[PDB]
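Just below is one structure, and these are the notes that go with it.
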């Protein structure tokens, strides 16, 4: 796994198995080094050039895969006691050259947007299920999160 | 959950949460009545009008969701001692009116194909991870499995 400029954030390879009719795309196994605990599996559709930002969880860890389309993810370390406090991590997720698993640790702000001209499908396998009050949001232009979505290049070009 | 003409095969509702940028699509939680055990989560892309058939597992149970596109699934009960031995179950999976979770029990043959003119993305959350020798295949035209994919209407119309 590749470490990112935000402490605890990791990027790992996901296998695409070629097959007639279309490929098989891995995500996570019980024995995967990246697997910890099963909480929930859900999907998030992101229409092209649309932004979903910003989110933060108190305890939950995210495991993102993007089997359809392409997204730009931005991570912001708001953890006061983190050795990478105040830093950003920017990652591109999607086929065919960026099909990886992104680990987002708790208390790290995240946002993402679909690039190009077709929708993205983000899959998330979380370690705990969704529960009221365990997560926090901020407007996508929150001035305390040092990244401008309005300024982002979502052309995918 | 809706029972199907093949014993043990079930169909359950999956929530689509509306949201700006695109909806959130549920699949499975730890407390879901349909959850048993976490083995693996993978995806299968099916190009339009393409068929992936036939498969059978000795112990494994399948939990299919189709968050992108649309597929036609056919189930065939080859279990000699099943009260629905020899029967077929046909199901349509996909948004927006057929976004459900399909449970395929072990030792039931399955096949599926993408309808329409855009690809499908099938998600599968299995109770055990993939392992050599635990599954079996048959050509998509196997004459012992009483369904003709060649004759199927995959227009999606």
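Residue numbers (the authors' numbering), protein chains in the order written: chain A, 14 to 170; chain A', 14 to 170. A prime marks a further copy of an entry chain. Beta carbons: idealized from backbone N, C-alpha and C, even for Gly.
Would you grab the beta carbon distance between residue i and residue j for me? Rounded to a whole angstrom, and I think it's under 8 angstroms.
{"i": "residue 88 of chain A'", "j": "residue 101 of chain A'", "result": "7 angstroms"}
{"i": "residue 111 of chain A'", "j": "residue 57 of chain A'", "result": "Wrong, their Cβ atoms sit about 17 angstroms apart, outside the cutoff."}
{"i": "residue 47 of chain A", "j": "residue 38 of chain A", "result": "Rounded, the Cβ-Cβ distance is 15 angstroms, inconsistent with contact."}
{"i": "residue 162 of chain A", "j": "residue 126 of chain A", "result": "7 angstroms"}
{"i": "residue 51 of chain A", "j": "residue 43 of chain A'", "result": "6 angstroms"}
{"i": "residue 144 of chain A", "j": "residue 27 of chain A", "result": "That belief does not hold up - the Cβ atoms of residue 144 of chain A and residue 27 of chain A are roughly 28 angstroms apart, past 8 angstroms."}
Which two residues bound the contiguous beta strand (DSSP E) that contains residue i?
{"i": "residue 67 of chain A", "result": "64-70"}
{"i": "residue 112 of chain A", "result": "Residue 112 of chain A -> no beta strand (DSSP E), and no H or E assigned at all."}
{"i": "residue 121 of chain A", "result": "Taken as a continuous stretch (DSSP letters only), residue 121 of chain A belongs to no beta strand (DSSP E), as it is neither H nor E."}
{"i": "residue 78 of chain A'", "result": "75-81"}
{"i": "residue 163 of chain A", "result": "Neither: residue 163 of chain A is in no beta strand (DSSP E) and is coded neither H nor E."}
{"i": "residue 37 of chain A'", "result": "37-42"}
{"i": "residue 56 of chain A'", "result": "53-59"}
{"i": "residue 148 of chain A", "result": "148-150"}
{"i": "residue 23 of chain A'", "result": "23-26"}
{"i": "residue 135 of chain A", "result": "133-139"}
Have a look at the options and flag the residue whose alpha-carbon is nearest the alpha-carbon of residue i.
{"i": "residue 86 of chain A'", "options": "A':14, A':149, A':133, A':31", "result": "A':133"}
{"i": "residue 139 of chain A'", "options": "A':153, A':115, A':35", "result": "A':115"}
{"i": "residue 129 of chain A'", "options": "A':170, A':31, A':27, A':65", "result": "A':170"}
{"i": "residue 147 of chain A", "options": "A:164, A:136, A:119", "result": "A:119"}
{"i": "residue 61 of chain A", "options": "A:74, A:131, A:160", "result": "A:131"}
{"i": "residue 79 of chain A'", "options": "A':150, A':59, A':90", "result": "A':59"}
{"i": "residue 73 of chain A'", "options": "A':117, A':35, A':36, A':33", "result": "A':117"}
{"i": "residue 141 of chain A", "options": "A':27, A':34, A':93, A':45", "result": "A':45"}
{"i": "residue 35 of chain A", "options": "A:150, A:144, A:109", "result": "A:109"}
{"i": "residue 18 of chain A'", "options": "A':98, A':106, A':49", "result": "A':98"}
{"i": "residue 164 of chain A'", "options": "A':121, A':95, A':63, A':94", "result": "A':63"}
Closer than 8 angstroms to a non-hydrogen atom of the ligand PLP - does that hold for the CB of residue i?
{"i": "residue 86 of chain A'", "result": "Questions concerning the ligand PLP fall outside what the structure shown contains, since it holds no ligand whatsoever."}
Can you find a C-beta in chain C that's less than 9 angstroms from the C-beta of residue i?
{"i": "residue 164 of chain A'", "result": "This model lacks chain C altogether; the protein chains it does include are A and A'."}
What separation, rounded to the nearest whole angstrom, lies between the Cα atoms of residue i and residue j?
{"i": "residue 81 of chain A", "j": "residue 135 of chain A", "result": "7 angstroms"}
{"i": "residue 66 of chain A'", "j": "residue 156 of chain A", "result": "52 angstroms"}
{"i": "residue 91 of chain A'", "j": "residue 69 of chain A'", "result": "10 angstroms"}
{"i": "residue 21 of chain A", "j": "residue 84 of chain A'", "result": "38 angstroms"}
{"i": "residue 54 of chain A", "j": "residue 15 of chain A", "result": "23 angstroms"}
{"i": "residue 167 of chain A'", "j": "residue 154 of chain A'", "result": "16 angstroms"}
{"i": "residue 124 of chain A", "j": "residue 106 of chain A", "result": "13 angstroms"}
{"i": "residue 31 of chain A", "j": "residue 151 of chain A'", "result": "18 angstroms"}
{"i": "residue 23 of chain A'", "j": "residue 104 of chain A'", "result": "10 angstroms"}
{"i": "residue 122 of chain A'", "j": "residue 149 of chain A'", "result": "9 angstroms"}
{"i": "residue 33 of chain A", "j": "residue 71 of chain A'", "result": "23 angstroms"}
{"i": "residue 93 of chain A'", "j": "residue 29 of chain A", "result": "36 angstroms"}
{"i": "residue 49 of chain A'", "j": "residue 25 of chain A'", "result": "14 angstroms"}
{"i": "residue 96 of chain A'", "j": "residue 95 of chain A", "result": "60 angstroms"}
{"i": "residue 158 of chain A'", "j": "residue 158 of chain A", "result": "58 angstroms"}
Along the stretch 28-47 of chain A, where does the CB come closer than 7 angstroms to a CB of chain A'? Name the residues. 34, 35, 36, 37, 38, 39, 40, 41, 42, 43, 44
Of all the residues that make up the stretch 135-160 of chain A', which are near chain A by a beta-carbon distance shorter than 9 angstroms? 136, 138, 141, 142, 143
Taking a Cβ distance cut-off of 9 angstroms, strictly less, list which residues of the stretch 53-73 of chain A' are near chain A, in chain order. 53, 54, 55, 56, 57, 58, 59, 60, 63, 64, 65
Using a Cβ-Cβ cut-off of less than 7 angstroms, list which residues of the stretch 75-88 of chain A approach chain A'; keep chain order. 80, 81
Residues of the stretch 111-134 of chain A whose Cβ lies closer than 9 angstroms to any Cβ of chain A', in chain order: Those residues of the stretch 111-134 of chain A that come within reach of chain A' (Cβ to Cβ, closer than 9 angstroms) are 126, 127, 132, 133, 134.
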